[PDB]
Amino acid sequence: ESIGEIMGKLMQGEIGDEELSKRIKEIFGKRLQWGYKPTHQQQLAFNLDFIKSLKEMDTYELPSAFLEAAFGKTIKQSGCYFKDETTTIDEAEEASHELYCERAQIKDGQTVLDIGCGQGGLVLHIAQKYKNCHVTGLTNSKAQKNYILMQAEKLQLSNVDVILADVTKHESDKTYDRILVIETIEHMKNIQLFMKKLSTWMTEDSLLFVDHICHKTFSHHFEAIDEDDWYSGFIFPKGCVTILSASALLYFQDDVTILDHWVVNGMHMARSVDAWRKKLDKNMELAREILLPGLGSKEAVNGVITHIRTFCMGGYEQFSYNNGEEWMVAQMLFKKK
């Protein structure tokens, strides 16, 4: 069977969930074979080759109504935290926001910058919880900026601003007590330059908190290993996402210094994408109606839905692999050098 044949059946809804999960699990299984080496000597050789390679490098948006139908209350687009099997996505968003506040040592009165803030759930959480904080979200999306500002207005929050910028091009002398990067570093083409830039927005009193999807042992770009992987390039059509190992950022301490380091087991991410998948499925009719005017045809709507749903189904297999002990979430706390 060819890529086109599997892709044809997928877009027509001919692949059942059981087969779909099985196919994507097998693709990730092959990535594990690719990444694990027989000795720690070889593992470190492999890992350092990847780290060295990184140091040499360098219109359409979904309507808010659709995003509200698929994601949780604050439209968090990152791994959440589930205390219980019955923890709801809304509760899991709040729990994850609270976890970031604890680990980033957020205190009332601080200036806070959230880089790649998305729909601003964390920005709004900190602003509401800590009235004397000033909280700045930075996003490259005008729609996202507008969404956050509307929400801040509705919530009577007067301590929020949003910078509309590509972070890689943003120039400022402004510094912040706290810089947060929640599942945004994965999209950075030049990590060393990114960390350098962030350090210039810090004083000696500042802390930097990074949360990123990882594998516990090795790093990889999110891409097809071989011609049998129809999945990776379907989810991310460009070579834009890097999955760092849980320890990869320890080698990016030119300009910042590590203070603490954690991982959150992959079942939390698994439960996050599962919740999004189930909510989308529940609101399927409504989602199709929302997307129709902006996409022009039912076929274009089906394609967008298939893409997001498959992202969740595949994400589930990736992060649930070996009870969350392969792909997971890494977190690190840094000070300036």
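Throughout, we count residues from 1 along the sequence that is shown.
Where coordinates are absent for parts of the deposited sequence, a chain break appears; between neighbours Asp58 and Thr59 it spans 10 or more residues.
Mean CA temperature factor is higher for 83-91 when stretches 137-145 and 83-91 are set side by side in the entry. Between 237-245 and 157-165, it is 237-245 that carries the larger average Cα temperature factor according to the deposited entry. Looking at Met284, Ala45, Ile51, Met269, the one whose CA carries the top B-factor in the deposited record is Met284.
Of the candidates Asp108, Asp173, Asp211, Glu102, the deposited coordinates give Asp173 the top C-alpha B factor. Per the deposited record, the Cα B-factor of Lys337 falls in the highest third when ranked against the other modelled residues of its chain.
Annotation for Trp230: CA B-factor lies in the highest third of the chain's modelled residues. Sort the chain's modelled residues by C-alpha temperature factor and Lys298 lands in the highest third, per the entry. When the modelled residues of the chain are ordered by their C-alpha B factor, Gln33 lands in the middle third. When the modelled residues of the chain are ordered by their C-alpha B factor, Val329 lands in the lowest third.
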